[PDB]
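Coming up is one lone chain in structure tokens, specifically the form deposited in one PDB entry.
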């Protein structure tokens, strides 16, 4: 009767981290349908609404259908979790595709924004507000050239409370409407976020920027911005006009999603030089955000693995009723499973069969040795991604990040200026204003108490 998620679906692999929880690629055990499952930890994420309100929103979301909005198929609830089962998209984030292009024009910017507005307009007709629209919530349907955009996370912000941790709110500040900051907001907040996104498409720079999260919000709240950057001289007047209307401070004076679809700009440019400088700035901006994000996730994984190594060792020690330092495969599974009850982070192993497979992957690579391998398996996933993000950021292949650049990266990561300079002095007392990768990594290690 009360159907169980894992009776119907098996996890195949991880798709990554989104807002409110992790996303797993899953497969229906009978029909073979692939789906993306977002798993929200009730312990980690507080609800803003009562159960019956969430159920009703979900029943509505399942019935809604639009080409630029993620399809939701199913919803489950158990003791500790919510499972949102939707269509899986394989084209990745819009901005990562954009930075892979040789050229990008207003026609490309217009076709992108028409799609977002068209998705937004439909959802507003149905009384659903996103609130947290940003490039990271804009997925490409597949790898194809003319790939449709699919907006993810519509409706969730109404029912769940956002994380206050910086690793979860990288990038959020540039896109939030000022009225959301003060508490009285409605669907016009999504037109604002779209206007900031459009501003970034045409210039590659946020209209409201600053050295850290609070600086950005101060700029957003004041609400002022300019088209005084030289890359605007190359942009149509009617595009700015649209941007001005979408970024109008008083929401009741701000243009609707529906009316923005009928704006000259959308109408003219969805039927013409390449914005070279914009692509360059977007590429720098994406590189900066991803490195900052990878840095904070690396530090977290290191603190998590420090916690869980000590925890698993004490569990395995107590289970060592022999005292001989060794355990069976059966007991190793009971202790690994027990580590998974206490903690609530492994979305990837939310089933008894999943834990047996991870254990078998570790055994193929004396509980002490098993503990090292089981936990290095967790951290090296985030460690390899750090290095990859460092290499991506270092676009000139110099091998080094300058002091100016660290300041930008640590500003975006909300690591205090005095704090990271002190850490650098401790890694290299003679440093000459630049760090290679291993020094950078050494700094992050010191910034999470290691």
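Numbering follows the first chain given and starts at 1. Take the two forms, find the largest set of C-alpha atoms that superpose within 1.5 Å, and that set is the rigid core.
What comes next is about the form deposited in another entry, which is not displayed.
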Taking the rigid core as reference, which of 216, 117, 247, 371 is displaced at the C-alpha by at least 2 Å between this form and the one not shown? 371
Hey, does residue 165 budge by 2 Å or more at the Cα between this form and the one not shown once the core is superposed? no
Taking the rigid core as reference, does residue 383 move its C-alpha 2 Å or further between this form and the one not shown? yes
Could you check whether the CA atom of residue 96 moves 2 Å or more between this form and the one not shown, using the rigid core for the fit? no
